[PDB]
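Structure first, then comments.
In what follows, chains are A, B, ... by sequence order, proteins preceding strands, each numbered from 1. Excluded from the calculations below are hydrogen atoms, water molecules and symmetry mates; all remaining heavy atoms, backbone and side chain alike, are included.
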Amino acid sequence: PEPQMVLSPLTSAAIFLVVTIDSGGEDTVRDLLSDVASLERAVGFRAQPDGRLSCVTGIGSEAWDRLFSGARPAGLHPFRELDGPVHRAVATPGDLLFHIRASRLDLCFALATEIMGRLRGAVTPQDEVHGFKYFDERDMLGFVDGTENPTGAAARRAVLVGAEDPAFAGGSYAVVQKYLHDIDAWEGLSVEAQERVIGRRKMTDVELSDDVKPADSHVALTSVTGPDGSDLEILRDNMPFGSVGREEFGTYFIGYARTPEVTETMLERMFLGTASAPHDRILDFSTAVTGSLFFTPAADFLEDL
Amino acid sequence: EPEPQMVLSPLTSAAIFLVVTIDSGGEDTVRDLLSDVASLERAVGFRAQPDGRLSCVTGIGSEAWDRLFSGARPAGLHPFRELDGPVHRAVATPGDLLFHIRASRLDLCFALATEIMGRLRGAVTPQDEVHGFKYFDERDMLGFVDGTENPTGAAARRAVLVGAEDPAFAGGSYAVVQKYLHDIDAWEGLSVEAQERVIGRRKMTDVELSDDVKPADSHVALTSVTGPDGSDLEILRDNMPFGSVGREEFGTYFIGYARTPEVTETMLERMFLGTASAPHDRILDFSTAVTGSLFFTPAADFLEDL
Amino acid sequence: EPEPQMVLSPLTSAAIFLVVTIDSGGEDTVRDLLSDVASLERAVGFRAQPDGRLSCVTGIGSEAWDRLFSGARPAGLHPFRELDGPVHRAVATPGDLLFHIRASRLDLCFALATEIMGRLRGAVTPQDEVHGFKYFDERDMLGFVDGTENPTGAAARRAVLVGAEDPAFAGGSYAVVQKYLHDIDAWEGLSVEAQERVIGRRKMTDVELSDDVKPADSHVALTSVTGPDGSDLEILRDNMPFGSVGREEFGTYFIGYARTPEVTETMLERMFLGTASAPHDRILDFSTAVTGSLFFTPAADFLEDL
Amino acid sequence: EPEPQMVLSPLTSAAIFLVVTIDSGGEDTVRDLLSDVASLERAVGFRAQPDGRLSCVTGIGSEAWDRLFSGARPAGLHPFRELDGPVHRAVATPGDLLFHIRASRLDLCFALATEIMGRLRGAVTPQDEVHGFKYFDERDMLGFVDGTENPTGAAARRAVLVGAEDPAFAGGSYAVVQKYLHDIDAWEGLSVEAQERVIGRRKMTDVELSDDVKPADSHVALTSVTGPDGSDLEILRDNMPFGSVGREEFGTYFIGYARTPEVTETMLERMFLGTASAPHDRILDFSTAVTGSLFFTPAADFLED
Amino acid sequence: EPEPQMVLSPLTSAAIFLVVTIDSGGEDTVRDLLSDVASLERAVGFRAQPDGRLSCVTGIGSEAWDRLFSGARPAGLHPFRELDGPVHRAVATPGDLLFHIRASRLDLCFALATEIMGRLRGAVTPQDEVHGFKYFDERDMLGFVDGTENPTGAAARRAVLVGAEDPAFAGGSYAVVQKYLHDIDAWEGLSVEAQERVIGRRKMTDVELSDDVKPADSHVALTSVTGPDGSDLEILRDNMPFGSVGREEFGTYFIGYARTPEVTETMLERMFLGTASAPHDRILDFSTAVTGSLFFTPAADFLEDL
Amino acid sequence: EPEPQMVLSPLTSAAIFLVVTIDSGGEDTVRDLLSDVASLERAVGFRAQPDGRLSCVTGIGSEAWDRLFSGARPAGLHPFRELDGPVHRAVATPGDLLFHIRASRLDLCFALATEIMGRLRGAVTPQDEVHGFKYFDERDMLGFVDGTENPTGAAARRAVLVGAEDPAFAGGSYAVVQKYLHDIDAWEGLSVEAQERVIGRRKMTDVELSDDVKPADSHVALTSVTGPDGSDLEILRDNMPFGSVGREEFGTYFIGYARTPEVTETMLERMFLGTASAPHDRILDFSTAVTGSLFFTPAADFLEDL
Ligand code: HEM
Ligand code: HEM
Ligand code: HEM
Ligand code: HEM
Ligand SMILES: [Mg+2]
Ligand SMILES: [Mg+2]
Ligand SMILES: [O]
Ligand SMILES: [O]
């Protein structure tokens, strides 16, 4: 079973499109899903091999039940809201996700145009973010973002559904959150204080050692080991976005994993805290304004419709 | 002696256009920023040399000029003139400062825009912010190659930079901006041959239609002007696509630089008001202007001294 | 595995196709060159890593096979079969050896071709030499993107490489070549919408025309065949433009690789002989085949051991 | 005043040389094409920026100049003069127009050549068409780096562009072309040391042989000329390999630009006819000229009218 | 797989080779660093993706192995064995740890080397540090292309990586290093043809000399070994030039990886000790080895768990 | 101009600095080499155009100028002056000739350096040889962006090239070199905020600290000097990191070019001797100068003519 392009090369541009399916829109949607791979080739092939255009399509829980019948992915549910003492992770509507990536924005925009052209009148846009790599893989807080992502076989094993849910092997679960940062507040910290929030050094991206890294740093709370001692990992492809006029500086978070349990555990630790940590310090400078969960099927599941 | 801003830029694949108004009381903050904007361009850009190709051209409008400076005004500076054609209208919208930021990548544009606006918050109000990108092989949203007949090298220097005619402001230029939104559904209902008739060139190969066959209300026909002496009058354009798929906005951000606005304004009159043989530029049947402003972009040394 | 030749190449922008026949007495010289051709590919190409992307696929025809080797023949190897259609003909021309040389620049191709022909001088007679070049947006001589639907990765391995069905020759492939000359004047008299109807895809955007609108005598319609499996039958193509402006020759060099010739031969029957609903492939109204040959491209290890 | 044609071009790895004669009656068609060839160059080349580096230099021969124009002639314009040397001969062959088309890739060259010949069909007859390719380390067909001592910047402007000495035609240049075919088997039978003695420079490192060991009949010896005041007389060359393996043609297409043909012609006389010290240029013992033509390449403004 | 280190790297144009010994008492510090060396490679290299191509391969010597680790030893690990030939000698020099750091640019190599040595200061003593750079056409200091016949893809995986013959260490490899200094004055007194006879390949075109002309004491002749197997025994080399023009040092840093040291050691014996028809490798008449060590480069996973 | 040497070079990422003394008897060898150094630069560089960007700038010291040439001296040419400050000292070390070799890759640098020193064998004695590499965002060894405020374009020509003040030597420049070694352990114990106060710019963003917070003893404060008119006096710098990890050498090789050495010497006096308001440049608390020389780099025409 061929997976979608969840494991992509590093790409410098992305469009994230989240839509809801209008009443009556189900058939239009199904026809599009069966064509999305061929549109990806048509737009992408003439810019090979530099273009690295790919589109990962995801389907939400309530939408899955309107479109298909029979067996469902084992872990597919609506994003679970987290009501922490201080910080909250909201859930927002989203039936379909298009995660469109390439080495240039225009390829992204051309593919998005074709997809929404086929869907006009069946869907309603909920979110559209045009993302860009910032410098040397930095995010909007000025830290390198991506460094501890798994690679190669460790990545395939962390992100692709296997034997545990055989009918959906080759699929993945994507969680999306749009975050806005309070840059004024962040920039009032010293660099050393910022490093204590993230858990790594700013200029060199070296992890802080275990004897200085705080329990409420981001890296501390998103490190999770499983009952057998192995690391529980996700694949992230966070993108900066913003608008200077509106003072909007953002990180669009997207995390892929073989089951939503992994991602959800990390989220609980960040928002709700642990025995030793009230919450992830990064949330004192970052507000989530969207939250959705999607299942990204194997490519063959979409071809056969 | 005088160093121009980077009006004549290499081809760049990302741009930010920022148009603001100066609030009451903001003038001093703005003047400090103008004198530092070249420094900020170096601070952001130098670490990404030589690939980055970051430049910022700063432009000042007619009313803002009188609030900011006294003494001489550049000879051609006035407010953008609204054009009320029989069918199509070129609006004038508010604009005191233009920052036309270009680079080979968006992040550098954004980083410089962030630094500029960081110094100016409290003193200005944003009116328009567009993030532009190059689309394929220099194509615009209508699917045609865009820029082909721009002047280059010495001809560009001569068409764009103020010289002896206004010696206090030699090295400056005049910029006209209009944000255009396209009706892509209408446009895509035309055959390719019909689209070529609107533009005046071939779509795939970008070869100009012969005199034999080019309509008089084609875009290329209307924007070709020879001056009293018989030589052509040229501008320098760096149009950028922009858009949002969910809102159905597909746009062209027009910016044209010229040594005097009279050239740009004549082209605009022809397009909106027509000629004896052409009611209006057919491109306007698929393109609506929603902003319009005119700025003077001084020589770099003018700004350095404040 | 055994190591296949570089049938599955990265995208390359230049090629040389060489077709020769083996003269009387030439077999020994040929067999020496075959055993060294991989090391000549590395000699010429290694110093130009990693941009060079130079490869050479060597193929052997049916008659030549029996002069060169004894023991088993590959299952599918036979002379190219002439197709005498009502209107269009697929001709057969002589060819014992194919060198399909690809790289990112012509000079590398030429350098390797020079070395190969150097070793063969006086053993072979050239029948065809074509210097091909890809247009800058993967377009062909007709102006359409060419390559889009080729299979990739595991699907390509499955469609192209001989496997368990003929185990002594696993890792090999079958190559069909035809040189096509186009009538560019005729083709350029069609509208874009008409040309799209001949091909089956949009010219500018390369999106496939939908099933409800794509004519049955369009190229894409006729070269889509499903097997008994239900699954599509695929080939791997690497068509290359060529020509000469002084002689008015504008051409497409077709080369198609498949795990058995039955796939390629079916497509050719459909194009040249037609189906229940289509007289012939409309592309042949603008394209004439003037060569036709079929080769087996053995696994690299087969050649190394001689 | 005058914008020259793109005589001083960036390094380009591909070229098409097209030489045609103007048929009886063809003069008007030619004139119309000349006035448009700059705009064809932009049409084909602009969309391939900035990599494409497409340019076309157009040149006109002496007899054709008389058919096309009246009024002033360029001072230096005359038909190529045959050299009948004791051993080697430089032939003169017909040609009224030259298109010297250059780019980073052959297809751009071909696209522009196609447009040009399309407009000239029926008015001209092709005499020569060569598709050139530079080897990857600026080597020529003989394996030597080719172009090392070309002038650059202001030295090149001084050497190639007509100035105040012929002010009606300032910004123009004179092009000489010769197609050479090589005897590769003879050449490859020389040791490297013997080859270096023919050329005048070291083969692998491209360092010039010192004055005390460079032969008098080496190529570099004979093509170094000083003028009355003792300064070097210089040309700009853009020699391209070409060939066909099937027909055993291995060639160098010579093109030299100079502000007057006297410089190029003197170098040619030294090569073909000899000096007191040297019977002839040793490179001609491996190279035969099979065309020879001379053209004036006007300032681009001259063609715009 | 277990995950190997990046033994099979893309082509890289810079390297640092660092050889250190472990001071007594330093073993715990070293074990900590080995468990973090992969994360340091990512911290330094991630921000420079994808062009940076920084990798670090870490190798452990025989005696160090015994001081550092509990369990079983790799089967092939021993001290480098001195070779005392009639004319030329391969010396064995001290080395407990090898860091073979490669990238597209020296700065990344240096930055990683700095971080590694930062953690080791006080626990190790530097024995050798070489900053290598590739000549622009993959040439070495003798002017010959270097790397041409290395194995590729699956053939490389098979020649370099320990498999089920030593299953606890599958995914490891064995590295041999020797620093060579050349007598450039002597070498440059040879004609090109005589140099070609020492190496066994053509200097300009890198084509192998034919079997009837290639000397038996040529480098290529001596380092071509067939196994008991019938077939070729291969190693993977990544030789780097280095030097200092003031000191007249012009060098080649030899590094060879193999799945067992037997292969590399055979080649070395042939070079230094000779064969029936060759006294020794002629290259050694212009090259003096001044270091020599052997290391085991474990699988990535082995190091992660310490 | 007469044609200057390549003092104004593009950004390059590698360099070799070679400083030598002329031995007795060496004068004529040196003179021959000077007249050929441009042609060596082309021989090594041409075949790697235009990616290579190889240049060599050749400079001559005061004492050596008198040995080599008769006739006029450059007005500004004198031995580097030692500065014996209360705390820090700028040493003067011997040097007759400087070769400042720059390119995009080290191997081109090394190849040209090899040719130059090969011609000078036996006539000169090497005093200093440094191989420099740029860190990947134009950062130096202290982690700051280095080069931001260098002049460009006509401002650079005006700052660095001799003109009509010394018309015989128009086109020349004056280069000062100093090799510095850094105390990295001390530097890394400062907070980033404290480092910024040493340099005078922000570390991450490279923005200049504002006049109200920048300390008087910061590097930027002390190296800003205004001339009689109130304009900035500028130099052109191309500082290069270098180092050796095993020897714990981390260095900055300083090279500054100016039209007269008075400008560079003023800056050095301020840094090392201090002013009324600054004891000395705080960068010297982390940087020790171990060489110091001054050279005149003539116009290229001057070297051709002999
Ligand atoms: C709010 C915006 C976010 C920002 C700006 C951000 C930023 C960062 C940065 C700079 C790192 C260190 C470098 C790296 O390894 O990539 C990192 C690591 C990580 N983040 Fe986040 N992050 C955000 C949200 C999240 C969320 C919501 C999750 C999980 C649900 C998450 C999971 C991770 C994980 C798993 C790691 C790697 C930890 C390890 O070293 O083992 N991040 N993030
Ligand atoms: C006469 C010159 C030829 C030209 C100029 C040409 C051009 C094209 C073009 C433009 C496409 C559509 C884009 C793509 O998927 O590549 C295409 C598709 C194809 N062509 Fe051709 N073609 C030629 C001859 C042939 C021949 C002789 C064959 C088979 C023997 C063939 C087999 C195919 C196949 C199999 C496809 C893709 C079908 C699918 O869409 O699933 N072509 N060709
Ligand atoms: C001074 C040291 C060395 C230099 C300058 C050098 C240079 C070269 C050159 C120029 C080639 C031919 C091109 C190629 O295939 O890469 C080559 C091949 C080779 N060298 Fe070396 N080499 C050196 C040391 C060694 C050593 C010490 C070994 C073995 C322990 C070795 C093993 C080989 C092998 C296996 C080949 C490939 C032979 C084949 O199958 O063609 N080299 N070397
Ligand atoms: C250890 C030696 C050095 C280091 C690591 C160093 C580093 C730097 C850095 C980081 C900057 C700020 C960015 C820039 O504009 O380049 C700078 C500026 C500067 N440095 Fe240095 N520097 C060194 C030595 C010197 C010396 C010895 C001089 C003068 C003789 C000098 C002259 C300058 C000048 C003129 C500026 C720019 C001032 C203006 O900002 O308008 N540097 N240096
Ligand atoms: Mg705020
Ligand atoms: Mg002190
Ligand atoms: O993250
Ligand atoms: O500096």
Side-chain angles (χ1 to χ4, degrees), chain C residues 13-20 44-45 47-49 51-52 54 99 101 103-118 120-122 124-141 143 184-185 188 240-250, chain D residues 13-20 44-45 47-49 51-52 54 99 101 103-118 120-121 124-141 143 184-185 188 240-251:
Chain C
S13 22
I16 288 181
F17 305 86
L18 205 71
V19 179
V20 304
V44 176
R47 75 159 161 307
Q49 289 299 49
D51 324 284
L54 177 70
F99 306 96
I101 303 176
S104 63
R105 335 166 29 92
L106 191 49
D107 55 285
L108 288 173
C109 295
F110 191 85
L112 176 62
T114 287
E115 289 290 325
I116 289 167
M117 285 292 311
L120 294 177
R121 284 284 147 257
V124 305
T125 295
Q127 298 296 325
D128 203 17
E129 180 176 353
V130 179
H131 295 190
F133 46 88
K134 215 52 210 286
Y135 282 85
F136 85 93
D137 34 350
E138 298 290 323
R139 292 186 190 267
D140 57 26
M141 196 59 92
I184 284 301
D185 295 336
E188 269 160 25
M240 290 300 283
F242 69 94
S244 149
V245 285
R247 293 217 311 303
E248 285 197 66
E249 291 203 336
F250 308 89
Chain D
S13 34
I16 289 179
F17 302 91
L18 234 190
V19 179
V20 304
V44 177
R47 61 160 166 306
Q49 284 319 15
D51 299 341
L54 176 68
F99 303 97
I101 303 170
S104 66
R105 299 155 74 74
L106 193 53
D107 54 286
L108 294 172
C109 294
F110 194 83
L112 179 56
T114 288
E115 295 290 341
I116 286 165
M117 287 296 310
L120 290 181
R121 282 293 152 241
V124 306
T125 296
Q127 298 296 313
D128 196 22
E129 177 181 0
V130 171
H131 299 191
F133 42 91
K134 212 37 186 321
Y135 285 98
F136 84 91
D137 27 3
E138 305 285 342
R139 294 178 190 272
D140 61 26
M141 197 59 86
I184 284 299
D185 283 3
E188 268 162 28
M240 293 299 276
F242 66 95
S244 142
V245 152
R247 301 206 306 301
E248 293 181 66
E249 284 186 7
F250 308 96

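Of all the heavy atoms in D:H131 and C:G243, the pair that sits closest is CE1-O, 3.6 Å. D:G246 and C:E129 make their closest contact through N-OE1, 2.7 Å (heavy atoms, listed as atom of the first residue, atom of the second, distance). The shortest non-hydrogen separation linking D:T114 to C:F250 is OG1-CE2, 3.7 Å. When every heavy atom of C:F136 is checked against every heavy atom of D:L108, the shortest pair comes out as CD2-CD2, 4.3 Å.
For chain D, the nearby parts of C:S244 are the backbone and the side chain; heavy atoms of each come within less than 4.5 Å. Residue contact with chain C, scored on non-hydrogen atoms closer than 4.5 Å, involves the side chain of D:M141 exclusively.
Rounding to the nearest 0.5 Å gives a distance of 14.5 Å between NZ of D:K134 and CG of C:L106.
Residues meeting the ring-ring contact (aromatic ring centres under 6.0 Å, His included) test with C:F133, sequence neighbours left out: D:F110. For C:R47, there are no side-chain hydrogen bond (donor to acceptor under 3.5 Å, both in side chains) partners at least two apart in sequence or on another chain.
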For this session: With salt bridge (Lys or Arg N to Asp or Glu O under 4.0 Å) as the test, would you mind laying out the steps for D:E248 and C:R121 before giving the verdict?
Result: CA-CA 10 Å; D:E248 293 181 66; C:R121 284 284 147 257; 3.4 Å; yes
